[PDB]
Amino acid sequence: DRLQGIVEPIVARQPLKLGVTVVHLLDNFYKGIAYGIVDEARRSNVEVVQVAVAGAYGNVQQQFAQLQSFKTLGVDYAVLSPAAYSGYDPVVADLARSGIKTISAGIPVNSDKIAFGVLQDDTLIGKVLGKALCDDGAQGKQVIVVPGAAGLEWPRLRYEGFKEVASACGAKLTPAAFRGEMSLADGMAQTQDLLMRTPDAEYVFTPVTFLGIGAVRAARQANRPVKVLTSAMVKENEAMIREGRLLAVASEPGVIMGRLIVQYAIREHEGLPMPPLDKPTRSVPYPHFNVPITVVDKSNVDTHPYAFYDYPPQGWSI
């Protein structure tokens, strides 16, 4: 079941147009969300008018302009993965005054005028990686923390959940410097620097795919047998898990999040009973569905369904 039993698929009877803007399409996460939206829409009589990208974290003005252009295109919903946590409330409010509701996709945005969201619990992503660390025997051992960028909220939430669980089992974490844009190059440079500064570290924590890849490149160059924790699968991670270089990778099922956005939007649009929504939280100030979290490791890399729920099809682009 492509919707994992969360909701039954239905089909729009009223015309329903979506405009989508996400940060970037360079990994499987936002590209998965975009694929899930597009593929579910063609199953469901929903029109995706445009998929746009900010281009980079911090490209907030680019996204404001994209959301404004959705107004002229007559979309019914804007779907937003923001390039920064803060600053979108005015544009969300402006779209809403025009009858256009905004759906949060994949990551939190700092606006209580969002209609609803479909994402995951970023603190719990950090907690489940913390458990993977603790279960590997990290008590007493040093962990390099490469926490991601500042100003995005969710990297901090992942760090907080990881630190809570890792500290509780006696792991010794480095402090966390929030900087960069979470690129491959950032992961390499930051991990190379922290491996030199933390000669006794046996683990590296990262919150996202490219920082994990960069950390592995740094560990390979330094001949350091550190084990890396990260999030959001790509195909190449599978061999790295089997070879022991990645201890655990949190699954981020972008594809199912995209499908759910379509199924939730049809119901909202036609006044039908909504599928499950959690109450607003401090970081996620709107009703939202959190897809349950699974971790990929040696025990399930050969059976976990991440390839169905987390990978867009090979060769898909929009």
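Don't overthink the numbering: it's just position in the shown sequence, from 1.
- Between the stretches 251-259 and 51-59, it is 51-59 that shows the larger average CA temperature factor.
- Comparing 95-103 with 118-126, the higher mean C-alpha B-factor in the PDB entry belongs to 95-103.
- The residue among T230, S183, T72, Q192 whose C-alpha atom has the highest B-factor in the PDB entry is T72.
- When the C-alpha B factors of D135, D112, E160, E153 are read from the deposited coordinates, the top value falls at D135.
- Ranked by C-alpha B-factor against the other modelled residues of its chain, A12 falls in the lowest third.
- Among the modelled residues of the chain, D39 sits in the middle third by CA temperature factor in this PDB entry.
- Annotation for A171: CA B-factor lies in the highest third of the chain's modelled residues.
- When all modelled residues of the chain are sorted by CA temperature factor, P292 is found within the highest third.
- Among the modelled residues of its chain, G87 has a C-alpha B-factor that falls in the middle third according to the deposited record.
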